[PDB]
């Protein structure tokens, strides 16, 4: 009975980081308490100043990743401040009943609610806003993230051997539908509500104007590139709440991948490219063996390079000539 369990309180952190947590644990079930506050805001999503009338959990796209263990109960307080214009709620794909919790968390501006559900299934699961009659708009405008429910004894390979990560990153990929005016330039709207009708018309074409990681073209590049070192295992959590994508690490692999994101199923190994179904989160482990700057991207290369679905991982360490060697550098053809 959940009423008798110890409670713990977790402080969330901004993507692409994930809050401190244990993998395998000796701890018993707990009611794990989180809070998130909705923020509607205009955001610049590309290098030419295009804006999106966005909606977020906790001010970020994606929302922060919440981590618990199988058998825990998630207890979320959702706050919709009076500075917002629209009603919101939350649908946890990790939860059972009431449209994922959406029916129990309808919050108008100035209201808040607290939901509890049992995280009885391991995996990475999408959570997203789903207000009646406005579900697609809230989702594509930025209201999604990941709940990761770890098995109590940690991740396992197909033979039941232990797997682990040394650091975790969370990437949310957002298909955006920004309208254009008669001049062919993207429209800038004074309010969220005014963006609605024109946006729905673009949505219905099924053609995104932009597809971005973590809220903007280039969000995970330059100073904001992800980082690792040779010998470190990274977990890459990838959520796409509305549309399929196909993650790939250039110069690397998915060493162990749960593309449907559910840890009770055996992972696949050695993937070049994996598949995240729209409406899900998946998870890949990779242990770095070579230093350098990798790209992590959606391998529809138009979606990546033209529309924005690509980031970088900068990796320190020693080059390994057994894995790869330039035998002859570029030079004139003989003779």
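Numbering follows the first chain given and starts at 1.
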Seminar exercise, completed: Averaging the C-alpha temperature factors as deposited, the higher value of 61-69 versus 269-277 falls on 61-69
For this session: State which stretch shows the higher mean Cα B factor in the entry: 80-88 or 209-217.
Result: 80-88
Problem set entry | Highest recorded Cα temperature factor - choice among 175, 259, 183, 255 | 183
Exercise. Which has the highest CA B-factor per the PDB entry: 222, 136, 179, 145?
Worked result: 222
Exercise. Taking the entry's C-alpha B-factors for this chain, is residue 46 in the lowest, middle or highest third?
Worked result: middle
Problem set entry | Assigned third (lowest, middle, highest) for the C-alpha B factor of residue 104 | highest
Problem set entry | Modelled-residue ranking by C-alpha temperature factor, third containing residue 241 | lowest
For this session: Classify residue 158 as lowest, middle or highest third according to the C-alpha B-factor given in the PDB entry, relative to its own chain.
Result: middle
Exercise. Based on the entry's values, in what third of the chain does the Cα temperature factor of residue 251 lie: lowest, middle or highest?
Worked result: middle
